[PDB]
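Visitor: dropping in the first section of the assembly, placed as in the complex:
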Amino acid sequence: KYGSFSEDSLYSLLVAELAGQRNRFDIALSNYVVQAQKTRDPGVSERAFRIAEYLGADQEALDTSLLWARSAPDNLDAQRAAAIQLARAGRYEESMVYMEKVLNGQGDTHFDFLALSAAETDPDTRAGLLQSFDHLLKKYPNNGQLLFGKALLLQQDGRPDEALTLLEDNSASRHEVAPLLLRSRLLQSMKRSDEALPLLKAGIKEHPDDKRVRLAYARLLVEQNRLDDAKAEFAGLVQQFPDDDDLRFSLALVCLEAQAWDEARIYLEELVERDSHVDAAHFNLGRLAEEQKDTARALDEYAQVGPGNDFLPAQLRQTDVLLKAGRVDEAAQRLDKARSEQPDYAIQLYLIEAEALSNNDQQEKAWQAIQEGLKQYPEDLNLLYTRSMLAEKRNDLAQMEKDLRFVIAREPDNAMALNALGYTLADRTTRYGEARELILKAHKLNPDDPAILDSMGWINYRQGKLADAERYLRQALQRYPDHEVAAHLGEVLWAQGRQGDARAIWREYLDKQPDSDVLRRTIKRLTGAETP
């Protein structure tokens, strides 16, 4: 009925469990694993496996799991645990074998872990597992979770059409949860929501109790840009179960995106009261304040945002709103204290303020801020770029030239600094060789960046040759159509003596934006007339 203890086995187990009670679990695990390997009885092996899982030693975990599985093959739990551990060990077709053993004894199975680790698995081993799963399907066409696994394999390969069609063929597969969620993901991959919405609604009908299908339907509706249906679905989800916090956050985000400020504000206020994910809650409260035009709430909500990823964008938005709404003194002092709180954030916020002041077209405060930043942290390259921009605004090329030269020396492989320096120098300086070689070095270091080809075309027009300038501007357009590239094209047309072509070229961009600032600046620079 019950086996017997050899003396050493009893000694080992006793000392192991005593140590475990004293929490010296290392001795417990070592002794238990050794005794499990020796006796191979189900009890010792299972206890050792549980201890290892609690601690989490992958090698010992797998050894004990497989030994337990061998000791009591009849038990389903041992087989599934061994399969899971073996999958965690990178050996996957053997885990599939153990999962077949599980399926022999009908019960719960976890094939999503297999599929995910296959996604982690290398492409050659991925193909090996693909053929193994095909063999399983030939052996076991009934199962749907292997279908999910093969569909995930195909998605990792990039052709989910076959597996998606096979899954849709089976009504039972269409009626389950994981296949439906995978179908939604695949549809998003191929981007056809017209079929995701109906099938997702059919799944909602099949089992509305579950949350994953409804959440996927809400995400697909958000993709569809429809707002009323998404809001109704979110409200129904909350009424069915308001417990989930992620559901509430997604609800608030969709409410904000749907132009529903009152209900979104209610959700954000209750989230803040819960004080969970409060930074984003205050960020969205400030956003709906902007939508309400109230500057006090908009700035105070962003000020209340705790440090985090959303705080710095929120701080920048607060600075922009404050500068728009006046009250320069209070905004400046609040920003200064917030910066003095942390120097690493101080440099970024000072740069933000200096750039905002430069954009607003004021001189004294912008120069004050930039010079303060340079004095405190002169070695930062962003401060050097800001000083160069301020110099360009001041109409003096010396400071910008020196700052960009030092930046270029600092980074031999940089290209943005080289292109900016070349473009500005050709804008100001009469000589073109310096800017020409700067842009040439920039192109050699990085020719793909659109600004590089933009500056290249500018300098080539400055040189006086047409073919190279036109080809470089065409390349810049190919990388990205930019208004500066078209401006240099119009400049080339001007220098070649045809005014109609440049007239139409700038007319196109005027049609792009009736009151574009850069277009007007370039027109006053080139045409020299009020009426182009």
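Guide: In hand now; what should we look at? Numbering: from 1, shown residues only, chains lettered A, B, ... in the order given.
Visitor: mind listing the helices in the stretch 1-150 of chain A by residue range?
Guide: Secondary structure of the stretch 1-150 of chain A (DSSP state H, counting those that start in this stretch): helices at A:7-21, A:25-39, A:42-55, A:58-71, A:76-88, A:93-104, A:111-120, A:123-139, A:145-157.
Visitor: now swap in the stretch 251-400 of chain A and tell me
Guide: Counting by DSSP H, counting those that start in this stretch, one finds helices in the stretch 251-400 of chain A at the ranges A:261-274, A:278-292, A:295-304, A:311-324, A:328-341, A:343-360, A:364-376, A:381-394, A:397-410.
Visitor: and those helices as JSON lines, adding mean neighbour count and distance to residue A:153?
Guide: For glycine as for every other residue, the C-beta is placed from the backbone atoms N, C-alpha and C. Shown next, in JSON lines, are the helices of the stretch 251-400 of chain A (neighbours: other Cβ atoms under 10 Å; distance: least, Cβ to Cβ, whole Å):
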{"stretch": "helix A:261-274", "mean neighbour count": "17", "distance to residue A:153": "39"}
{"stretch": "helix A:278-292", "mean neighbour count": "21", "distance to residue A:153": "36"}
{"stretch": "helix A:295-304", "mean neighbour count": "19", "distance to residue A:153": "46"}
{"stretch": "helix A:311-324", "mean neighbour count": "19", "distance to residue A:153": "39"}
{"stretch": "helix A:328-341", "mean neighbour count": "14", "distance to residue A:153": "51"}
{"stretch": "helix A:343-360", "mean neighbour count": "18", "distance to residue A:153": "44"}
{"stretch": "helix A:364-376", "mean neighbour count": "17", "distance to residue A:153": "53"}
{"stretch": "helix A:381-394", "mean neighbour count": "20", "distance to residue A:153": "45"}
{"stretch": "helix A:397-410", "mean neighbour count": "17", "distance to residue A:153": "48"}
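Visitor: now the sequence for chain B, which goes on the structure above:
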Amino acid sequence: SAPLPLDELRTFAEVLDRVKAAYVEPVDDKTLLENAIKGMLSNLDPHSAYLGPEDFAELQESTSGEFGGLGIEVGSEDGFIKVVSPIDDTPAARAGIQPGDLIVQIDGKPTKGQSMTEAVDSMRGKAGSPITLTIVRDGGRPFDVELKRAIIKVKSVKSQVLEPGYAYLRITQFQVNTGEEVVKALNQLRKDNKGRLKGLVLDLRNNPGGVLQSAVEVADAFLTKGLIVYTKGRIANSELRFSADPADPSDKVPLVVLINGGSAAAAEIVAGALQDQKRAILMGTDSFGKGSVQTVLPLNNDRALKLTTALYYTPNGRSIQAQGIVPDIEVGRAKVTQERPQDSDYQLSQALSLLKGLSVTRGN
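Guide: Putting chain B together with the chains above:
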């Protein structure tokens, strides 16, 4: 990083191996480990000991008087069953059972040839199980009575009136309900005398013990204020203090406590609380001198070890462990040569005389 007893456990394992190898009767590991546990608990100290499933159930039924059965206290002598008493609130009285009735078969099992323990075991059974009794009355033809087994509570406390104005209260054993039992007994004794109680005598002779809470409750029922008992142990959870509430049904009536050599921890708690508080005058022989509070710690398979966790102290601070309480008036068992219990019992007569004298010299 306290070291573990490696060599000690090695000796233990060697002992187990040699015992399983050399013993005559094959013994499975289950029995040996059970015996080792019982050994630890028994040899640690006298009272502490392991509890088996059936023994744990026995203890639970002892502490809580509610037990499965019919509720008839009997004694088997000369091969015939004597009905000592059919307890109240039971079908026994409603079944016409009378003292001395000759029960011949319990559930059809003859009552002859059985020992007292065997007869008690056979009579007892699972709660709610119907029981058929074949009874021979005056040697006539037997008759069958069907009854339903139920929960019967045993009245721990018995109260009576000795002489007009003097009442007697005996505590057979301390049980969970003993507190309410004492409260109601005091209330009914007080109303019986129409308000005034001249003198009260309490008896704790041969009281093996019981649940501590009941003893503290009784002491509170006989004390207006003060702290009853505090228990100290090396574990914080056991460290405790129990004190009396302002409520006192006694109404400041003279009290005399009898402590015999058989009065144990639970009763000694009440004795010490009533003595060190100068509320009652102990008399009799020295007590059992047992000081300890034991906790039963539930375990799997409903066999829970009971272990002495802490030592209690009298309110003054002296510990009665191993020395006990010396009664103020050490009156021993004796016979005096020149339905009243006092005449037969010498100690009760002495206590009644002392209370009479105290009340008279009070002139109230």
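Visitor: got the end-to-end distance for stretch B:44-60?
Guide: End-to-end distance of stretch B:44-60 (Cα to Cα, to the nearest Å): 23 Å.
Visitor: next up, the contacts around the closest residue to residue A:152 other than its chain neighbours.
Guide: Nearest residue to residue A:152 in three dimensions, chain neighbours excluded: residue A:115, at 3.9 Å (Cβ to Cβ, 6 or more residues apart in numbering or on different chains). By Cβ atoms under 8 Å, 6 or more residues apart in numbering or on different chains, the contact set of residue A:115 is A:148, A:149, A:152, A:153.
Visitor: the second one contacts residue A:134, doesn't it?
Guide: No - the pair residue A:149 and residue A:134 does not pass the contact test of Cβ atoms under 8 Å, sitting 10.9 Å apart.
Visitor: which one's more surrounded, those two?
Guide: residue A:149 (30 against 13; other Cβ atoms under 10 Å in any protein chain shown).
Visitor: tell me the residues of chain B that contact chain A?
Guide: Applying Cβ under 8 Å from any Cβ of the partner chain, we find that chain B lies next to chain A at B:2, B:4, B:6, B:9-10, B:12-14, B:16-17, B:20, B:28-30.
Visitor: okay, chain C goes in next:
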Amino acid sequence: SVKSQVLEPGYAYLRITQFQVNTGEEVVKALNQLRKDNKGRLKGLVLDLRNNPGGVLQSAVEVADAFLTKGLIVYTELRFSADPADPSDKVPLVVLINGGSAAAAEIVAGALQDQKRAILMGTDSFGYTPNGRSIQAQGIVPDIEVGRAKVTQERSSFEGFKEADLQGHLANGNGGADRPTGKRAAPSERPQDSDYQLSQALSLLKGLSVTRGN
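Guide: Adding chain C to what we have so far:
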């Protein structure tokens, strides 16, 4: 005359056989030597006035005043006041009357009963007191009546074992010694052990000394 046997550490027994001349000296010396035997503290002084026909009135009044402080002890045109002088030291008192205290002992017992200082336990006397009540006419009704009798203890075949006996018991909390289950013979059969009346008096005195106060 005076016989002073200490019964317990706190309770001492004084007996007056005959009221000879100047028994005040003997009784006060007995009280003093008793106080020294008890370090100057008493719990109760059972004054056994039994089988004592009496003696000179003056000595009896002297004893009474030795036990009393105020009030008029005895009046027949004669009185006897009480000066505070008293070696009694305010001790609870239990006087015993066996029905054989005729004249003087009876007067002492009656005076102590009336002035409330003491308590009369034994039987009614065979035979004035400060209150209007006489002595020779009605005798002296005792407050608590206890018929004289004898008491004998029976041998214990087996001795209940204390926790000192059980091997490996637990030492007491305060670390004091644990009383074993020994057996030592008493010095002799004390009067408390023999006569029921004196045992009753000692028990009542102990009960009073305990319950009366701390």
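Visitor: kindly list the main-chain dihedrals of whichever residue of the stretch 251-400 of chain A sits closest to chain B?
Guide: Among all residues of the stretch 251-400 of chain A, residue A:275 sits closest to chain B, at 35.0 Å; criterion: Cβ to the nearest Cβ. Note on residue A:275: its backbone torsions stand at phi 60, psi 30 [degrees, to the nearest 10].
Visitor: what is the burial count for it?
Guide: 9.
Visitor: now do residue B:32
Guide: Neighbour number of residue B:32 under other Cβ under 10 Å is 16.
Visitor: which ones are touching it?
Guide: Applying Cβ under 8 Å, 6+ apart to residue B:32 gives the contacts B:16, B:19, B:20.
Visitor: what about it, distance to residue B:182?
Guide: Here the criterion is Cβ to Cβ, to the nearest Å. By it, residue B:32 lies 47 Å from residue B:182.
Visitor: just checking, residue A:285 touches residue A:271?
Guide: No - counting by Cβ under 8 Å, residue A:285 stays clear of residue A:271, with 9.4 Å between them.
Visitor: most neighbours of all the contacts of residue B:32, which one?
Guide: residue B:16 (20 neighbours).
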